[PDB]
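Enquirer: Sending over entry.cif (mmCIF, C-alpha atoms).
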```cif
data_run
#
loop_
_atom_site.label_atom_id
_atom_site.label_comp_id
_atom_site.auth_asym_id
_atom_site.auth_seq_id
_atom_site.Cartn_x
_atom_site.Cartn_y
_atom_site.Cartn_z
CA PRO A 1 90.84 141.56 86.27
CA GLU A 2 94.02 141.70 88.37
CA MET A 3 96.21 138.57 88.14
CA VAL A 4 98.28 136.77 90.78
CA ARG A 5 100.75 133.92 90.13
CA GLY A 6 98.77 132.46 87.23
CA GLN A 7 95.31 133.00 88.69
CA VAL A 8 92.52 135.56 88.36
CA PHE A 9 92.06 137.67 91.48
CA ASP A 10 89.24 139.89 90.31
CA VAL A 11 88.88 142.38 93.18
CA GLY A 12 89.45 145.77 91.51
CA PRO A 13 88.80 148.63 91.33
CA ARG A 14 88.30 148.90 95.11
CA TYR A 15 91.12 146.53 96.00
CA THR A 16 94.46 146.97 94.23
CA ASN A 17 98.25 146.43 94.53
CA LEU A 18 97.85 142.74 95.30
CA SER A 19 100.48 140.67 97.01
CA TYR A 20 100.33 136.90 97.27
CA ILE A 21 100.41 135.66 100.87
CA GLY A 22 99.80 131.95 100.43
CA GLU A 23 97.23 129.18 100.27
CA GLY A 24 94.16 128.80 102.47
CA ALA A 25 91.76 125.97 101.50
CA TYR A 26 89.75 126.66 98.31
CA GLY A 27 91.94 129.47 97.04
CA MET A 28 94.88 131.77 97.34
CA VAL A 29 95.13 134.55 99.86
CA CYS A 30 96.52 137.99 98.94
CA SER A 31 96.92 141.24 100.76
CA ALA A 32 95.45 144.25 98.94
CA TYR A 33 95.14 147.96 99.36
CA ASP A 34 91.56 149.02 100.11
CA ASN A 35 91.10 152.31 98.23
CA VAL A 36 88.00 153.16 100.33
CA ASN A 37 89.30 152.51 103.84
CA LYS A 38 92.87 153.47 102.94
CA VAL A 39 94.38 150.38 104.61
CA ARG A 40 95.85 147.05 103.55
CA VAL A 41 93.49 144.09 104.01
CA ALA A 42 93.58 140.31 103.44
CA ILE A 43 91.48 138.75 100.64
CA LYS A 44 90.77 135.05 100.31
CA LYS A 45 89.55 133.65 97.00
CA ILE A 46 87.14 130.70 97.52
CA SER A 47 86.04 128.45 94.62
CA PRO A 48 83.70 125.97 96.32
CA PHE A 49 80.81 125.42 93.96
CA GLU A 50 81.73 122.06 92.39
CA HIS A 51 81.90 120.26 95.79
CA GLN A 52 79.12 119.88 98.32
CA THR A 53 81.55 119.76 101.27
CA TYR A 54 83.36 122.97 100.19
CA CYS A 55 79.97 124.72 99.90
CA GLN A 56 78.89 123.62 103.40
CA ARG A 57 82.13 124.93 104.93
CA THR A 58 81.97 128.21 102.97
CA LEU A 59 78.33 128.81 104.01
CA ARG A 60 79.05 127.93 107.67
CA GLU A 61 82.03 130.29 107.84
CA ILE A 62 80.23 133.19 106.17
CA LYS A 63 77.05 132.88 108.33
CA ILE A 64 78.94 132.59 111.59
CA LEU A 65 81.55 135.29 110.98
CA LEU A 66 78.86 137.75 109.82
CA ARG A 67 76.93 137.18 113.07
CA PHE A 68 79.88 137.27 115.48
CA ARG A 69 81.47 140.54 116.63
CA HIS A 70 84.45 140.15 119.00
CA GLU A 71 88.05 141.50 119.13
CA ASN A 72 89.51 137.96 119.21
CA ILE A 73 87.48 136.54 116.29
CA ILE A 74 88.29 137.52 112.72
CA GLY A 75 85.51 139.52 111.03
CA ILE A 76 84.27 139.73 107.48
CA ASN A 77 84.74 143.27 106.15
CA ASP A 78 83.41 142.79 102.58
CA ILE A 79 82.55 140.03 100.15
CA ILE A 80 83.03 140.22 96.37
CA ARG A 81 81.12 137.98 93.98
CA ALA A 82 79.18 138.23 90.70
CA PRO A 83 75.89 140.18 90.53
CA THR A 84 73.98 137.05 89.40
CA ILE A 85 74.00 133.52 90.79
CA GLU A 86 74.72 132.03 87.35
CA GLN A 87 77.93 134.07 86.93
CA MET A 88 79.16 133.42 90.51
CA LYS A 89 82.03 130.92 90.37
CA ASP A 90 84.34 132.51 92.96
CA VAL A 91 83.75 134.39 96.20
CA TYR A 92 86.36 136.75 97.68
CA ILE A 93 86.22 137.26 101.41
CA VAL A 94 87.87 140.52 102.67
CA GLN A 95 89.14 140.55 106.28
CA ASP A 96 91.55 142.51 108.53
CA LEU A 97 95.12 141.77 107.51
CA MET A 98 96.77 139.60 110.18
CA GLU A 99 100.44 139.27 109.30
CA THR A 100 101.10 135.84 110.79
CA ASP A 101 99.63 132.92 112.75
CA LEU A 102 100.63 130.85 115.77
CA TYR A 103 101.62 127.95 113.51
CA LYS A 104 104.13 130.16 111.61
CA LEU A 105 105.36 131.77 114.82
CA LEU A 106 105.99 128.46 116.59
CA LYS A 107 107.99 127.24 113.57
CA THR A 108 110.80 129.72 114.39
CA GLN A 109 110.27 131.25 117.82
CA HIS A 110 110.46 129.90 121.33
CA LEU A 111 107.81 131.88 123.24
CA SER A 112 108.40 133.53 126.63
CA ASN A 113 106.02 132.71 129.51
CA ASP A 114 104.71 136.25 129.16
CA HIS A 115 103.68 135.73 125.54
CA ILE A 116 102.32 132.23 126.20
CA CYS A 117 100.07 133.63 128.96
CA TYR A 118 98.93 136.56 126.81
CA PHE A 119 98.12 134.34 123.82
CA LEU A 120 96.29 131.81 126.02
CA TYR A 121 94.19 134.65 127.49
CA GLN A 122 93.11 135.89 124.07
CA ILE A 123 92.30 132.37 122.83
CA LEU A 124 90.05 131.79 125.86
CA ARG A 125 88.44 135.19 125.64
CA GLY A 126 87.42 134.58 122.01
CA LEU A 127 86.37 131.04 122.89
CA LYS A 128 84.14 132.32 125.72
CA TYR A 129 82.25 134.34 123.11
CA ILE A 130 81.99 131.40 120.64
CA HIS A 131 80.71 129.05 123.35
CA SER A 132 78.23 131.66 124.66
CA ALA A 133 76.69 131.64 121.15
CA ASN A 134 76.18 127.86 121.62
CA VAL A 135 78.74 127.20 118.90
CA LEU A 136 81.55 124.62 118.89
CA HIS A 137 84.50 125.61 116.73
CA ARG A 138 85.74 121.95 116.37
CA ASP A 139 88.95 122.79 114.51
CA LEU A 140 91.14 124.95 116.81
CA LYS A 141 94.81 124.64 115.97
CA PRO A 142 97.79 127.00 115.77
CA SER A 143 97.22 127.85 112.04
CA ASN A 144 93.68 129.01 112.97
CA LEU A 145 94.99 131.53 115.54
CA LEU A 146 95.91 134.63 113.55
CA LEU A 147 98.35 137.20 114.91
CA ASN A 148 99.23 140.75 113.92
CA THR A 149 102.52 142.52 114.54
CA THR A 150 101.61 143.53 118.16
CA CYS A 151 100.48 140.13 119.54
CA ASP A 152 96.73 140.73 118.99
CA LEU A 153 95.17 137.31 118.33
CA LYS A 154 92.06 136.39 116.33
CA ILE A 155 90.43 132.97 115.92
CA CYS A 156 89.49 132.13 112.31
CA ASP A 157 88.12 129.26 110.17
CA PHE A 158 84.65 128.32 111.30
CA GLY A 159 84.12 125.98 108.31
CA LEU A 160 83.65 122.98 110.64
CA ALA A 161 81.76 124.77 113.40
CA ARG A 162 78.43 123.41 114.65
CA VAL A 163 75.69 124.58 116.95
CA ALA A 164 76.07 122.52 120.15
CA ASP A 165 73.71 119.60 120.88
CA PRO A 166 74.48 116.49 123.05
CA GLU A 167 85.03 115.34 107.98
CA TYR A 168 88.49 115.56 106.37
CA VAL A 169 91.16 117.65 108.04
CA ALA A 170 94.87 117.76 107.23
CA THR A 171 95.64 118.40 110.89
CA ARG A 172 94.41 115.88 113.49
CA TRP A 173 96.68 116.51 116.51
CA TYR A 174 94.25 118.85 118.34
CA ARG A 175 91.25 116.48 118.29
CA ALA A 176 89.74 115.30 121.60
CA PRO A 177 89.99 111.59 122.53
CA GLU A 178 86.20 111.19 122.59
CA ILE A 179 86.20 112.30 118.93
CA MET A 180 88.97 109.87 117.99
CA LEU A 181 87.24 107.05 119.87
CA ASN A 182 83.92 107.82 118.11
CA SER A 183 82.09 108.29 121.41
CA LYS A 184 78.41 109.31 121.46
CA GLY A 185 77.64 112.88 122.75
CA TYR A 186 80.30 115.58 122.04
CA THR A 187 80.22 119.00 123.78
CA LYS A 188 82.05 122.38 124.02
CA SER A 189 84.61 120.36 125.94
CA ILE A 190 86.17 119.27 122.60
CA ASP A 191 87.35 122.89 122.08
CA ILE A 192 88.98 123.03 125.54
CA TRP A 193 90.94 119.90 124.70
CA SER A 194 92.22 121.63 121.54
CA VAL A 195 93.25 124.69 123.55
CA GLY A 196 95.11 122.40 125.98
CA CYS A 197 97.04 120.85 123.05
CA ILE A 198 97.86 124.38 121.89
CA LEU A 199 99.14 125.44 125.32
CA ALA A 200 101.35 122.35 125.48
CA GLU A 201 102.72 123.21 122.04
CA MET A 202 103.37 126.84 123.05
CA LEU A 203 105.42 125.32 125.91
CA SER A 204 107.50 123.02 123.66
CA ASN A 205 107.26 123.98 119.92
CA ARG A 206 106.04 120.58 118.79
CA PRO A 207 102.68 118.87 118.90
CA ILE A 208 102.14 117.10 122.19
CA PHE A 209 100.02 114.27 120.68
CA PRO A 210 101.39 113.59 117.22
CA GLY A 211 100.81 110.38 115.33
CA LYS A 212 100.24 108.95 111.84
CA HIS A 213 96.62 108.04 112.59
CA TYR A 214 94.13 108.18 115.50
CA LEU A 215 95.49 104.96 117.09
CA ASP A 216 99.06 106.30 117.16
CA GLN A 217 97.76 109.65 118.57
CA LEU A 218 95.79 107.76 121.27
CA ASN A 219 99.02 105.98 122.23
CA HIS A 220 100.77 109.34 122.66
CA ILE A 221 97.83 110.63 124.78
CA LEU A 222 97.81 107.55 126.97
CA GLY A 223 101.63 107.64 127.26
CA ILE A 224 101.31 110.98 129.06
CA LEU A 225 97.90 110.94 130.83
CA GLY A 226 98.32 107.24 131.75
CA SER A 227 95.71 104.54 131.17
CA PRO A 228 92.18 105.76 131.76
CA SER A 229 90.60 104.93 135.10
CA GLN A 230 87.49 102.75 135.02
CA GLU A 231 85.08 105.70 135.32
CA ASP A 232 86.81 107.57 132.47
CA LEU A 233 86.82 104.43 130.32
CA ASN A 234 83.07 104.17 130.96
CA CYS A 235 82.54 107.72 129.61
CA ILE A 236 83.30 106.35 126.14
CA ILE A 237 79.93 105.40 124.64
CA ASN A 238 81.34 103.00 122.01
CA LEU A 239 81.82 99.39 123.02
CA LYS A 240 84.39 98.67 120.29
CA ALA A 241 86.41 101.65 121.58
CA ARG A 242 86.26 100.53 125.19
CA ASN A 243 87.41 97.02 124.17
CA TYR A 244 90.27 98.51 122.16
CA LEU A 245 91.44 100.61 125.09
CA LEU A 246 91.27 97.60 127.42
CA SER A 247 93.55 95.72 124.98
CA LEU A 248 96.46 98.17 125.52
CA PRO A 249 99.21 97.69 128.07
CA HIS A 250 98.92 99.69 131.28
CA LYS A 251 100.63 103.13 131.30
CA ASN A 252 101.31 105.37 134.32
CA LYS A 253 100.57 109.14 134.18
CA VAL A 254 103.62 111.23 133.36
CA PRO A 255 103.29 114.43 135.46
CA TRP A 256 103.23 117.55 133.33
CA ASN A 257 106.10 119.03 135.36
CA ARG A 258 108.29 116.14 134.23
CA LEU A 259 107.68 116.86 130.56
CA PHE A 260 107.82 120.64 130.77
CA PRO A 261 109.88 121.37 133.85
CA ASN A 262 110.76 124.96 132.75
CA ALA A 263 107.04 125.85 132.63
CA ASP A 264 105.23 128.08 135.10
CA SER A 265 103.61 125.79 137.67
CA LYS A 266 100.28 127.63 137.32
CA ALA A 267 100.40 127.06 133.52
CA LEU A 268 100.89 123.34 134.13
CA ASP A 269 98.01 123.23 136.60
CA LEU A 270 95.69 124.77 134.01
CA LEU A 271 97.14 122.46 131.28
CA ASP A 272 96.34 119.48 133.49
CA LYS A 273 92.71 120.61 133.79
CA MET A 274 92.29 121.19 130.04
CA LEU A 275 93.85 117.85 129.06
CA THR A 276 91.62 115.44 131.01
CA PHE A 277 90.62 112.29 129.17
CA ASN A 278 87.00 112.43 130.45
CA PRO A 279 85.28 115.43 128.84
CA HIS A 280 82.88 115.64 131.82
CA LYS A 281 85.85 116.47 134.13
CA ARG A 282 87.50 118.92 131.67
CA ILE A 283 87.65 122.60 132.73
CA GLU A 284 85.16 125.01 131.01
CA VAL A 285 86.11 128.26 129.25
CA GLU A 286 84.89 130.57 132.03
CA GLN A 287 86.65 128.55 134.74
CA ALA A 288 89.83 128.55 132.66
CA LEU A 289 89.77 132.35 132.36
CA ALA A 290 89.38 132.46 136.16
CA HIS A 291 92.43 130.26 136.69
CA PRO A 292 95.39 131.76 138.63
CA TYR A 293 97.63 131.52 135.55
CA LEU A 294 95.54 134.19 133.83
CA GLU A 295 95.02 136.43 136.86
CA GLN A 296 96.77 139.50 135.38
CA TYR A 297 94.20 139.51 132.49
CA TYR A 298 91.04 138.12 133.90
CA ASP A 299 88.30 140.75 133.64
CA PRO A 300 84.73 139.44 133.23
CA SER A 301 83.41 142.93 132.49
CA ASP A 302 85.83 143.03 129.52
CA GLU A 303 85.04 139.46 128.32
CA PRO A 304 81.81 139.82 126.35
CA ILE A 305 79.31 137.21 125.29
CA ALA A 306 77.02 136.81 122.30
CA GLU A 307 73.68 138.62 122.37
CA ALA A 308 71.79 135.34 121.83
CA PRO A 309 72.74 131.76 120.88
CA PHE A 310 73.47 131.07 117.23
CA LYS A 311 70.87 129.29 115.12
CA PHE A 312 71.13 127.69 111.67
CA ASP A 313 67.78 127.95 109.86
CA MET A 314 68.52 124.62 108.07
CA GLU A 315 70.69 121.54 108.59
CA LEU A 316 73.36 121.87 105.89
CA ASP A 317 74.82 118.34 105.95
CA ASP A 318 72.01 117.07 103.66
CA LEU A 319 71.65 119.88 101.10
CA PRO A 320 72.70 119.48 97.42
CA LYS A 321 75.52 121.80 96.34
CA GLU A 322 73.06 123.74 94.09
CA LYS A 323 70.84 124.62 97.11
CA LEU A 324 74.01 125.58 99.07
CA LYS A 325 75.04 127.89 96.22
CA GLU A 326 71.65 129.66 96.56
CA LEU A 327 72.19 130.14 100.31
CA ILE A 328 75.72 131.51 99.74
CA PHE A 329 74.36 133.87 97.10
CA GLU A 330 71.71 135.10 99.60
CA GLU A 331 74.16 135.33 102.51
CA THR A 332 76.67 137.44 100.57
CA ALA A 333 74.11 139.87 99.12
CA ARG A 334 74.50 142.63 101.77
CA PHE A 335 77.86 143.64 100.22
CA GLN A 336 76.43 144.11 96.73
CA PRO A 337 75.99 147.49 95.03
CA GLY A 338 72.35 148.52 95.38
CA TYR A 339 71.53 145.97 98.04
CA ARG A 340 68.40 146.67 100.12
#
```
Can you give me the file's structure in the form of structure tokens?
Expert:
Amino acid sequence: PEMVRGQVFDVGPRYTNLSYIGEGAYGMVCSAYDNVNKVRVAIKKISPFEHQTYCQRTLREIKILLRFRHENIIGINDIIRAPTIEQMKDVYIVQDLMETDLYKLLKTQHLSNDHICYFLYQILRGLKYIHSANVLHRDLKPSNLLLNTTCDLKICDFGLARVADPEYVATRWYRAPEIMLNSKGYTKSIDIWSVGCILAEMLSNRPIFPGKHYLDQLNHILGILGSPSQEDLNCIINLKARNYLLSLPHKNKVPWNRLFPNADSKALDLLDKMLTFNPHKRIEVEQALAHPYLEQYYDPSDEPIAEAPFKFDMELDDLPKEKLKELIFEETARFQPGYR
């Protein structure tokens, strides 16, 4: 097997000349030369089998990415794993090489309005497709927005995705208030909130709603949006949450133009509509694409949707890790030599 920085990366003979890129979640990521397609690709090593939660996320990501086909969503090109379930300990997922991500970019670069608009278009175009499949991504953040050298953007990491019907993360700053308040009845609107947080961060190079825990983040949200109105408070279906919010001192709205006065006024108008406290008043993906800020891109004939809504055969939340291993073995089989 080929070796990378201490660890087995057993992807030859098809994939060679490995180069460590970094860490994903359950393994390292390398770039490799694909000797069949004659191009460099990305390969992520996943080792999920000893943990039920890692297996659920791996199965979710594989099933969704194999079903989706869209320019602004990362694909799965190939999957390498052992020929028998007993020998399978690691799974290697092969994808288009994307040289950076919005998280890395924002670390060093102040983006022009032109690039902010172009990125925001691509994010919404991919998200239109995800939502049309009846899927919620639930974990949109800059590090999940991959970029190549010519500003093409692809959404990745569907480990936490769910089919819509009204979990540890390192990064909490893109989560909707209704999620942090434990409200009953989440929708696609949680993804629009995340995109709004991303747009704000493209405008300023720092998270707009940081905080050490959900209560600190809620304080940052209310410090900008202002205290919720009575009707928006009532949208929170959690009495303990409503009481907590009522316990806080009153805060006036800080207009977005005061925070980001360099920003395009149309960008701020759309930001305002994505970052509404009440999810029922939050702009939807199709309406966002149709917003004046995006007018130079907006093209419904060139913004495709899924052929039919996505459907999980089984609820995964309940399944033992051994059953999940069987499903991952089945799901990955199409890439095997001699598959039929």
Enquirer: Which of these, A:115, A:291, A:280, A:44, has the shortest distance to residue 93 of chain A once you count all atoms listed in the file?
Expert: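 Among A:115, A:291, A:280, A:44, it is A:44 that comes nearest to residue 93 of chain A.
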Enquirer: Could you check the closest approach to residue 51 of chain A for each of A:26, A:120, A:128, A:231 and tell me which residue wins, using all atoms listed in the file?
Expert: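 Answer, going by the shortest atom-to-atom distance: A:26.
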Enquirer: Can you turn the PyMOL selection byres ((chain A and resi 297) around 12) into a concrete residue list for this file, as a PyMOL selection string?
Expert: chain A and resi 114+117-122+124-125+288-296+298-303
Enquirer: Which of these, A:166, A:40, A:279, A:195, has the shortest distance to residue 233 of chain A once you count all atoms listed in the file?
Expert: A:279
Enquirer: Evaluated on this file, the PyMOL selection byres ((chain A and resi 203-210) around 6) picks out some residues - which ones are they, written as a ChimeraX atom specification?
Expert: /A:106,173,200-202,211,217,220-221
Enquirer: Please provide the set of residues having any atom within 10 Å of residue 321 of chain A, restricted to all atoms listed in the file, with same-chain residues fewer than 4 positions apart removed, written as a list in words.
Expert: residues 48, 49, 50, 51, 52, 53, 54, 55, 56, 316, 325, 326 and 327 of chain A
Enquirer: State, in Å with one decimal place, the distance from atom CA of residue 190 of chain A to atom CA of residue 116 of chain A.
Expert: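 About the pair atom CA of residue 190 of chain A and atom CA of residue 116 of chain A: they are 21.0 Å apart.
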Enquirer: To one decimal place, how far is atom CA of residue 63 of chain A from atom CA of residue 331 of chain A in Å?
Expert: 6.9 Å
Enquirer: Pick out the residues sitting within 9 Å of residue 272 of chain A, and hand them over as a list in words; count all atoms listed in the file, and ignore anything fewer than 5 positions along from it in its own chain.
Expert: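 Using all atoms listed in the file, the neighbours found are residues 196, 255, 256 and 267 of chain A.
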Enquirer: Write the selection just made, keeping C-alpha atoms, as a PDB file, in the coordinates of the input?
Expert:
```pdb
ATOM      1  CA  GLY A 196      95.110 122.400 125.980  1.00  0.00           C
ATOM      2  CA  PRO A 255     103.290 114.430 135.460  1.00  0.00           C
ATOM      3  CA  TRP A 256     103.230 117.550 133.330  1.00  0.00           C
ATOM      4  CA  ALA A 267     100.400 127.060 133.520  1.00  0.00           C
TER       5      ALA A 267
END
```
Enquirer: Please compute the atom CA of residue 276 of chain A-atom CA of residue 239 of chain A distance, one decimal, in Å.
Expert: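 These two atoms are separated by 20.4 Å.
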Enquirer: I need the output of the PyMOL selection byres ((chain A and resi 21) around 7) for this file as a VMD selection string; which residues are they?
Expert: chain A and resid 19 to 20 22 29 to 31
Enquirer: When you look at segment 9-15 of chain A with a cut-off of 12 Å (counting only C-alpha atoms), what residues show up, excluding the ones that are within fewer than 5 positions of it in the same chain? I need them as a VMD selection string.
Expert: chain A and resid 1 to 4 20 27 to 47 78 to 82 88 to 94
Enquirer: Can you pull out the residues contacting residue 194 of chain A? Cut-off 9 Å, using only C-alpha atoms, and skip same-chain residues under 4 positions away; I want them as a PyMOL selection string.
Expert: chain A and resi 138-141+173-176+189-190+198-199+274-275
Enquirer: Determine, counting all atoms listed in the file, which protein, DNA and RNA residues have an atom within 9 Å of an atom of residue 278 of chain A; residues of the same chain fewer than 6 positions away are not included. Present the result as a PDB file with C-alpha atoms, in the frame of the given file.
Expert:
```
ATOM      1  CA  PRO A 177      89.990 111.590 122.530  1.00  0.00           C
ATOM      2  CA  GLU A 178      86.200 111.190 122.590  1.00  0.00           C
ATOM      3  CA  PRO A 228      92.180 105.760 131.760  1.00  0.00           C
ATOM      4  CA  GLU A 231      85.080 105.700 135.320  1.00  0.00           C
ATOM      5  CA  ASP A 232      86.810 107.570 132.470  1.00  0.00           C
ATOM      6  CA  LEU A 233      86.820 104.430 130.320  1.00  0.00           C
ATOM      7  CA  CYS A 235      82.540 107.720 129.610  1.00  0.00           C
ATOM      8  CA  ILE A 236      83.300 106.350 126.140  1.00  0.00           C
TER       9      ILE A 236
END
```
Enquirer: Between A:224, A:127, A:62, A:181, which residue has the minimum interatomic distance to residue 259 of chain A, considering all atoms listed in the file?
Expert: A:224
Enquirer: Return the single residue from A:98, A:264, A:76, A:67 that is closest to residue 112 of chain A, with distances computed using all atoms listed in the file.
Expert: A:264
Enquirer: Using only C-alpha atoms, collect all residues at a distance of at most 9 Å from (74.4, 137.2, 122.3) as written in the file, then present them as an MDAnalysis selection string.
Expert: chainID A and resid 68 129 132:133 304:310
Enquirer: Where atoms are absent from segment 191-209 of chain A, fill them in so it carries N, CA, C and O atoms, then output it as a short mmCIF file (atom, residue, chain, number, x, y, z; two decimals), in the coordinates of the input.
Expert:
```cif
data_model
loop_
_atom_site.label_atom_id
_atom_site.label_comp_id
_atom_site.auth_asym_id
_atom_site.auth_seq_id
_atom_site.Cartn_x
_atom_site.Cartn_y
_atom_site.Cartn_z
N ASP A 191 86.56 121.68 122.36
CA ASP A 191 87.35 122.89 122.08
C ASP A 191 88.39 123.17 123.18
O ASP A 191 89.49 123.61 122.89
N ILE A 192 88.04 122.88 124.43
CA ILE A 192 88.98 123.03 125.54
C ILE A 192 90.12 122.07 125.38
O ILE A 192 91.28 122.41 125.63
N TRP A 193 89.84 120.83 124.97
CA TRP A 193 90.94 119.90 124.70
C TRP A 193 91.92 120.52 123.69
O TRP A 193 93.12 120.47 123.89
N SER A 194 91.38 121.05 122.60
CA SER A 194 92.22 121.63 121.54
C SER A 194 93.09 122.76 122.12
O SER A 194 94.27 122.83 121.85
N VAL A 195 92.51 123.59 122.96
CA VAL A 195 93.25 124.69 123.55
C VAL A 195 94.36 124.13 124.44
O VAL A 195 95.49 124.65 124.42
N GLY A 196 94.08 123.05 125.17
CA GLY A 196 95.11 122.40 125.98
C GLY A 196 96.27 121.92 125.12
O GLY A 196 97.44 122.11 125.50
N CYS A 197 95.97 121.28 123.99
CA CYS A 197 97.04 120.85 123.05
C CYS A 197 97.86 122.04 122.54
O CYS A 197 99.09 121.96 122.35
N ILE A 198 97.17 123.16 122.29
CA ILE A 198 97.86 124.38 121.89
C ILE A 198 98.78 124.96 122.96
O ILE A 198 99.90 125.36 122.65
N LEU A 199 98.33 124.97 124.20
CA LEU A 199 99.14 125.44 125.32
C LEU A 199 100.37 124.57 125.48
O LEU A 199 101.50 125.08 125.62
N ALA A 200 100.20 123.25 125.38
CA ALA A 200 101.35 122.35 125.48
C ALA A 200 102.36 122.68 124.36
O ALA A 200 103.58 122.70 124.58
N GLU A 201 101.85 122.98 123.18
CA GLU A 201 102.72 123.21 122.04
C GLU A 201 103.41 124.56 122.18
O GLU A 201 104.59 124.70 121.77
N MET A 202 102.71 125.55 122.75
CA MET A 202 103.37 126.84 123.05
C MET A 202 104.53 126.61 124.03
O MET A 202 105.54 127.33 123.97
N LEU A 203 104.37 125.63 124.93
CA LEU A 203 105.42 125.32 125.91
C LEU A 203 106.62 124.59 125.29
O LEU A 203 107.72 124.64 125.84
N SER A 204 106.45 123.92 124.15
CA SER A 204 107.50 123.02 123.66
C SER A 204 107.86 123.13 122.17
O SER A 204 108.78 122.45 121.70
N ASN A 205 107.12 123.92 121.40
CA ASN A 205 107.26 123.98 119.92
C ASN A 205 107.22 122.65 119.16
O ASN A 205 107.96 122.45 118.20
N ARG A 206 106.34 121.76 119.59
CA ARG A 206 106.04 120.58 118.79
C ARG A 206 104.72 120.05 119.31
O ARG A 206 104.37 120.31 120.48
N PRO A 207 103.98 119.38 118.46
CA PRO A 207 102.68 118.87 118.90
C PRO A 207 102.85 117.87 120.03
O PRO A 207 103.74 117.04 119.98
N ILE A 208 101.97 117.94 121.03
CA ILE A 208 102.14 117.10 122.19
C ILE A 208 101.60 115.67 121.92
O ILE A 208 102.08 114.70 122.51
N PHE A 209 100.63 115.57 121.02
CA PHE A 209 100.02 114.27 120.68
C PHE A 209 100.05 114.03 119.18
O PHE A 209 99.00 113.98 118.50
#
```
